[PDB]
Amino acid sequence: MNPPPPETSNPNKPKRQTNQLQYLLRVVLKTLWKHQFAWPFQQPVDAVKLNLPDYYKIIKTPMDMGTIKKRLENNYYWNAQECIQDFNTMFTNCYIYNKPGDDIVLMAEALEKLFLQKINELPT
Ligand SMILES: Cc1cc(C)cc(Nc2nccc(-c3c(-c4ccc(Br)cc4)ncn3C3CCNCC3)n2)c1
């Protein structure tokens, strides 16, 4: 089975809006979402549909851009670092599960390069 997806809305977790988190949603998430290579990263890895029975034995901190979109939209994060950590966790999961030069890794690396370029322009 797949696990349930990561939590995206927590009534008990405090919320706030910052210009960095607005940038992470309206610039960073939006730009990566529209990238040609984004499709494997737009939702949790469906290990059932993809026949990857070891995926969630190896990856115990799953992350994906559909979850990050929901966390941003729901004001789930208190600070930008929490959202940047989620993007980094998602790329790292892909790297750990696969091998250098695999198609999925080249795709993740291109998205990560674009992510880092956008993060360099994160406002104050
Ligand atoms: C035929 C084919 C070929 C390719 C390149 C992609 C897909 N679709 C697809 N969808 C979702 C997840 C993956 C995937 C990930 C992965 C993606 C996001 C995160 Br976060 C973490 C890991 N790691 C490997 N894979 C594939 C690699 C090739 N087949 C076995 C599974 N792949 C399908």
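Every number for a ligand or one of its atoms is a count from 1 in the order of the listing. This chain uses plain numbering: 1 for the first residue, then up along the sequence. The basis for the numbers below is simple: all heavy atoms, side chains too, and nothing from hydrogens, waters or symmetry mates.
Which parts of ligand 1 touch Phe41 is read off a 4.0 Å heavy-atom cut-off, strictly below it: atoms 18 (C). Within the listing of ligand 1, atoms 20 (Br) sit less than 4.0 angstrom from a heavy atom of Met90. Of all the atoms in ligand 1, the ones that sit under 4.0 Å from a non-hydrogen atom of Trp39 are 6 (C), 7 (C), 8 (N). Using a 4.0 Å cut-off to heavy atoms of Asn98, the atoms of ligand 1 that qualify are 23 (N), 24 (C). Below 4.0 Å from some heavy atom of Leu52 lie the following atoms of ligand 1, by number and element: 30 (C), 31 (C).
Within the 4.0 Å heavy-atom shell around ligand 1 one finds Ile104. For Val45, the heavy-atom gap to ligand 1 drops under 4.0 angstrom. Not close to ligand 1: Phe91, with no non-hydrogen atom less than 4.0 angstrom away. Under a 4.0 angstrom heavy-atom cut-off, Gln43 registers as lying outside contact with ligand 1.
For the pair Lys70 and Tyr76, the cation does not sit on the ring face, since its NZ or CZ is not both under 6.0 Å from the ring centre and inside 45° of the axis.
What you find for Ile104 and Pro40 is that their closest heavy atoms are CD1-CB, 3.6 Å. Nearest heavy-atom pair, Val45 versus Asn2, reported as atom, atom and distance to 0.1 Å: O-OD1, 3.8 Å. Between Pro6 and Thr67, the shortest heavy-atom contact is CD-OG1, 3.5 Å. The shortest heavy-atom contact between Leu111 and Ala38 is CD1-CA, 4.2 Å. In this structure, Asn93 and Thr61 approach most closely via the heavy-atom pair ND2-O, 2.9 Å. Scanning all heavy atoms of the two residues, the minimum distance from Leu114 to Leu32 falls at CG-CD1, 3.9 Å.
Ranking the protein heavy atoms by distance from atom 12 (C) of ligand 1 puts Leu50 CD1, 3.6 Å first. The protein atom (non-hydrogen) at minimum distance from atom 21 (C) of ligand 1 is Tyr55 OH, 3.1 Å. Scanning the protein heavy atoms around atom 5 (C) of ligand 1, the nearest turns out to be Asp103 CB, 4.0 Å.
Distance check for atom 1 (C) of ligand 1: every protein heavy atom is found at 4.0 Å or beyond. For atom 23 (N) of ligand 1, the protein comes within 4.0 Å by at least one heavy atom. Closer than 4.0 Å to atom 30 (C) of ligand 1 lies at least one heavy atom of the protein. Within a 4.0 Å radius of atom 26 (C) of ligand 1, the protein contributes no heavy atom. The nearest protein heavy atom to atom 7 (C) of ligand 1 is closer than 4.0 Å.
Using modelled atom types, one finds no donor on one side chain facing an acceptor on the other under 3.5 Å when comparing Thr89 with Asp86.
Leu25 contributes atom CG, which lies 8.5 Å from atom SG of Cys83 (distance to the nearest 0.5 angstrom).
Linking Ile, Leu, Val, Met, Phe, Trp and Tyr whenever their side-chain heavy atoms come within less than 4.5 Å leaves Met90 and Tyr97 in two separate clusters.
Looking at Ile59 against ligand 1, nothing comes within 4.0 Å, counting heavy atoms.
For the side-chain hydrogen bond (donor to acceptor under 3.5 Å, both in side chains) condition, the pairs that include at least one residue of residues 108-124, sequence neighbours left out, are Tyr95-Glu112.
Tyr77 pairs with exactly one of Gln20, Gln85, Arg16, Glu82 by the side-chain contact (heavy atoms from CB on, under 4.5 Å) rule, that one being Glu82.
Nearest residue to atom 20 (Br) of ligand 1 from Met107, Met63, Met65 is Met63 (criterion: closest heavy atom).
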